[PDB]
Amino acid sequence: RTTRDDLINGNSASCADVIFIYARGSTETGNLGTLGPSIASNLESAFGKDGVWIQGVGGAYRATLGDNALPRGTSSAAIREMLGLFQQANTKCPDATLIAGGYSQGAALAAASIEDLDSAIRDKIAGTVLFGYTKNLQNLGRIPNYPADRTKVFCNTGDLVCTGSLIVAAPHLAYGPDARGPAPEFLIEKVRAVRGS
């Protein structure tokens, strides 16, 4: 449901082939929030329950609303937490293909983490999906140091955070359909592009 710690709980002797790390939006529950579970169900359908590990960003990531206003759109503590998860994935399962995603503050967190990541690990993230990306205008729809072909941004018309503001309007809360269809579709496609099937 809203909390998945497959990577932390995972046995290295039996690594999944695909590891998904996801950051929730502000004030959301568990470590997956409102959109993560939907994405997770579809990944499990495609790779099988034992084929993919679902890992939300918990720990120090409090998903505090006010942190949207900090320089990187999130706190330094949160970035440190997500970096630690990518590092754990790389250590526990060096041959697993990684995928990532985030919503709202979580999208800014995903972008900041990926930008700071050791390139050898960043290069293992086959695809990243961002919903209501708070740094969309500032970064011109990209994640710094990461290829555009591996990135998919879902920014609704009328979602003010995609347009340089921090105001939360109704379209910011309307990513449900995307999380159920195109987002997992993109992630599955990017994983198969490199792993075959």
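The numbering used is simple: start at 1 and walk along the sequence shown.
- Averaged over CA atoms, B-factors in the entry run higher in 157 to 165 than in the other of 125 to 133 and 157 to 165.
- Just going by the entry, 38 to 46 versus 51 to 59 on mean CA temperature factor gives the higher value to 38 to 46.
- The top Cα temperature factor in the record, among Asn145, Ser26, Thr151, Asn31, falls on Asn145.
- Across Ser113, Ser75, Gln105, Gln87, the greatest Cα temperature factor reported in the deposited entry is at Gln87.
- Looking at the C-alpha B-factors along this chain, the one for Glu185 belongs to the middle third.
- When the CA B factors of the chain's modelled residues are split into thirds, the value for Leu117 lands in the highest one.
- In the deposited entry, the Cα temperature factor of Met82 sits in the middle third of values across the chain's modelled residues.
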